[PDB]
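Just so you know, structure 1 and structure 2 below are the same protein chain in two forms, each on its own as structure tokens.
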Structure 1
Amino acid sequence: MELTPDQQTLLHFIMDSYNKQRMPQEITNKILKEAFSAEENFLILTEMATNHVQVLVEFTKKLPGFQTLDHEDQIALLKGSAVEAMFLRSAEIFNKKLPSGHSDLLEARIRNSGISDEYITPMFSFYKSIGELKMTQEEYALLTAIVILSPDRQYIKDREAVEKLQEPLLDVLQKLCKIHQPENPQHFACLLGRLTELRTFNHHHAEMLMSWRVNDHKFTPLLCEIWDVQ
């Protein structure tokens, strides 16, 4: 029902670490400022995604016990979660309140990014579904930590070690859902269900990127490592 002093400590620590990210306004101001070509949008995305991976690795190393994990499992958790964490952060940003008509222009600008419309449709449906859950900053932060510390990733040698680190975060999130959303008792389950939908962005991620209407698909060395691109 109520958070323990240790849980409040864990929550505030995750929040502090999560807030080191670029502010939503910094991202939306760039997109809303002017209409960019498909070529300019591709480079905006690679710069944003490169910054996201850097901030993600810093957030990940601060997660309690992450530094005690086997080094190869550490890489597996990062590569396994990077795309999902990016889309969860994009969903958070998309759902931030902006002046009247700005969210319509933001949506239209994203649809004009330069990628195939078959990749745009599930993106907006996921963003819309995240939006209806009216998640707090603490829920987005804990869910991001839970996504990173998923023991059910490919090439993980010691799944129990990861499971041990994920369990306290799941416990805090469940309590928060019971506190914040007491009228909706399926809220915690609702949030964990979203994580299964997040995983769908994985398989066709490289394809979505190579579909960008640009002459050259140049990615930064960091993006080549974390994503399945050359």
Structure 2
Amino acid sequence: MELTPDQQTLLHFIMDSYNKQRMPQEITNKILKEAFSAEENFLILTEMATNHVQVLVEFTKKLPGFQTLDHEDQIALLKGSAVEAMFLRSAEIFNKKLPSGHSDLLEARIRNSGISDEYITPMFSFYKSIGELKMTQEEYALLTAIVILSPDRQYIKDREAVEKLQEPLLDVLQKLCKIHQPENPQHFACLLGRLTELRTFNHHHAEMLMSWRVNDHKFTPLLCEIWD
């Protein structure tokens, strides 16, 4: 029927942190103005990818309990969720935030950046599949928090501490499905489908970086350090 005052408080903190994301004006202006070349298109995308890492960290820091975790486990969670959080935020932006005209130029830039179809095809396939679910802002925010507070990421020393933060988010998300979609009992199951679909992007992304060499304009030293 309704969220408990404690669940409402937890949801508000995640919503507030999630709603802080705002695509910078200089990035939006570049999508419109810059030359339509593989080199210029790839540079725009690298800047967007780098900007997402800063957005992710700032969002994560405000997640209830994140700051209470061991410092090395905070790093491990950020590193283990970076790719997954990026594709999820990208799916939200592509289906909601960006206007039809600029989304079209951004899609044109992505499709003409030098990146292989082996990575572009599952990317847009996932955006369409996310779009079908007509996710609310509470659902995107909670799914993002769930993705980041994953207890099974590599190099986590205290997994029980992370499970204690992830379990109440899964409880709130399932409750929100029961309140807002009481006619569709499979709504929560569809959202879980996106968690497993997002996991497939870790491999796709790792291979994409491997395809990049020093001789090519695609070599991104900073991003390659954050992604391993």
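Numbers given to residues start at 1 and step along the sequence of structure 1. The term rigid core refers to the maximal set of C-alpha atoms that superpose within 1.5 Å between the two forms.
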- Query: With the core lined up, does the C-alpha of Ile27 move 2 Å or more between structure 1 and structure 2?
  - Reply: yes
- Comparing between structure 1 and structure 2 on the rigid core: C-alpha of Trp212 shifted by 2 Å or more? yes
- Message: When the rigid core is used for the superposition, does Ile110 move between structure 1 and structure 2 (threshold: C-alpha shift of 2 Å or more)?
- Response: yes
- Note on the structure: Expressed in angstrom, the C-alpha movement of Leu222 between structure 1 and structure 2 on a rigid core superposition is 4.9
- Note on the structure: Here the CA of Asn202, compared between structure 1 and structure 2 on the core, is shifted in angstrom by 0.8
